[PDB]
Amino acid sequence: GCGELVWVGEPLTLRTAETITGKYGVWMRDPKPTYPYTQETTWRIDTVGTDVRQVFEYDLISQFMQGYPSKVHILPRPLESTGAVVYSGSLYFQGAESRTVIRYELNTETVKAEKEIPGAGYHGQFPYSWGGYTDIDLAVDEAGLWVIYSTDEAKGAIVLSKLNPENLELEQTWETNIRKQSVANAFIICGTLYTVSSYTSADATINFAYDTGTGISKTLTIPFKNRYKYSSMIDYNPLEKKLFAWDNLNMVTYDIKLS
């Protein structure tokens, strides 16, 4: 059931980090789960610091919300920022101090592919407005895997490319007119990129949309609340049809409605 985003619900807090290491981070579920994982499996990465390698895995939602991890993976290379996603059994993440996206197969703890995003800025060139080295933001929607970034040629405007999930090849690329550093985060629903106006305000909005099918850009005014005043990560999960976010220690989710 695809459509245009028309409404975002109130943020629901699912878990609160207990240490400064989790002030910002990324938490994820797989919209295309593969054995031995399920739709309940959750991954959490606390991303403060300079050698981020621990990925907490939870077999069950109950464990994610109330307990300890069922497994901890130690990544073979440190990770950059909050942009990572899980898709069809692999964690896709950006190597620290690089423009390299890495496909890490979770069940075998193996790197399956690595790819430089051509021309992509990295390490504070085209972050979202809060900074945090958020130059490169992976995304999953109803059609698969994407990457959101910018380049010098695009003068910092958001660029998005569809990615082959097996080998990380770029399949198609679109250039918007939205300055990436002017928005708080972004995500893709049904092939339309949406941006968030502010990472601090209780009265933020979903403020722009770019439809990859038509090339048309629009301005929106859909209310979006940053309950804890510091959202570092905002992504869409196309299986649950919800936003997943990280806001000032808190792993939160938002219902949405499409029309």
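A residue's number is simply how far along the shown sequence it sits, counting from 1.
When 208-216 is weighed against 224-232, 208-216 comes out higher, by mean CA B-factor as recorded in the entry. When the C-alpha B-factors of 178-186 and 107-115 are averaged, 107-115 comes out higher. Of the candidates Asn164, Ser129, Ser90, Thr82, it is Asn164 whose Cα B-factor is highest according to the PDB record.
Out of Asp46, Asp51, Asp30, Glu57, it is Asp51 whose C-alpha atom has the highest B-factor in the PDB entry. For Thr19, the recorded CA B-factor ranks within the highest third of the chain. Only modelled residues enter the ranking. Ranked by C-alpha B-factor against the other modelled residues of its chain, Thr34 falls in the highest third. Annotation for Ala154: CA B-factor lies in the highest third of the chain's modelled residues. Annotation for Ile256: CA B-factor lies in the middle third of the chain's modelled residues.
When all modelled residues of the chain are sorted by CA temperature factor, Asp137 is found within the lowest third.
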